[PDB]
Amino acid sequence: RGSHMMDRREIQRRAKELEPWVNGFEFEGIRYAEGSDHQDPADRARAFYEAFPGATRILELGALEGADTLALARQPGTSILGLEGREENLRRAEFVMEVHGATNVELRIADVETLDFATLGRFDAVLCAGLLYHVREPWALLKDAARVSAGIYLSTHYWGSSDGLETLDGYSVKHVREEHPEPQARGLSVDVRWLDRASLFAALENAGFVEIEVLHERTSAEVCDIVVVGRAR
């Protein structure tokens, strides 16, 4: 066993100490931990780098257990900063990076609703998946991405109706208590706001992402799903 490898005994001990996992943990064909009741990272990374082939410095928001972070880091020559709001999730992600020897990744605790994004430097693109519907002011998160980058890969839900919605900063919003079924995926505020489709596209435009490419969309009168690439000047 190469000197760069963590001992399997220690992989086992630490993976157990880190339970419960959200997406589980497997390494060398050994399933150490199972995930919870609630895209494949390699496929997401492929789509991300189809959109941003020249990217060498990436910001990932809401890194969870580091699965996308690791997939994005496979290519040498690209460095990733992953931000995660829940310390318990971050500790998992840090363990994953250590087990895999992913030295081109940095992980940091951060609350995207309060962080000063101007402290982070510049990125070729921002990955923002599974996060926009966990914040109070989603338009502001999009503005923060634009402060540091000209590209965003955004995967989010939006709300399929405009009827009866509230209005904040001119956007139509569904304002609800944060009750996402996976507790370890929840936002850091008691509440969240979802956007209707028009307000999501307006918020992208108003942040500066004036060119929007839709990669995937599933519509309903209620929960909708979308993946878009936003590009700013």
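Start at 1 with the first residue shown and count on from there.
Peer 1: I'd like the number of residues from the deposited sequence that lie between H38 and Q39 yet are not in the model, binned as none, 1 to 3, 4 to 9, or 10 or more.
Peer 2: Some 4 to 9 residues are missing between them.
Peer 1: Got a sec? Mean C-alpha B-factor, which is higher, 68 to 76 or 151 to 159?
Peer 2: Taking the mean C-alpha B-factor of 151 to 159 and of 68 to 76, the larger value falls to 68 to 76.
Peer 1: Should the higher mean CA B-factor in the entry be assigned to 111 to 119 or to 124 to 132?
Peer 2: Averaged over C-alpha atoms, the B-factors run higher in 111 to 119.
Peer 1: Take the CA temperature factors straight from the PDB entry and tell me which of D169, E178, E60, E28 peaks.
Peer 2: Highest C-alpha B-factor among the listed options: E178.
Peer 1: Among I212, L18, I11, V22, single out the one with the highest C-alpha B factor in the record, please.
Peer 2: Comparing C-alpha B-factors across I212, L18, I11, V22, the maximum falls on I212.
Peer 1: Ranking the modelled residues of this chain by C-alpha B-factor as given in the entry, is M6 in the lowest, middle or highest third?
Peer 2: Its C-alpha B-factor, which the entry lists for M6, ranks in the middle third among residues of this chain.
Peer 1: Going by the recorded CA B-factors, say which third of the chain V99 sits in, lowest, middle or highest.
Peer 2: Tercile = middle for this residue's CA B-factor.
Peer 1: Select lowest, middle or highest to describe the third in which the CA B-factor of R193 falls within its chain in this entry.
Peer 2: Lowest third.
Peer 1: Ranked by Cα temperature factor within the chain, is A33 in the lowest third, the middle third or the highest third?
Peer 2: Within its chain, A33 is a middle-third residue by C-alpha B-factor, going by the deposited values.
Peer 1: Based on the entry's values, in what third of the chain does the Cα temperature factor of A47 lie: lowest, middle or highest?
Peer 2: Highest third, going by the recorded CA B-factors of the chain.
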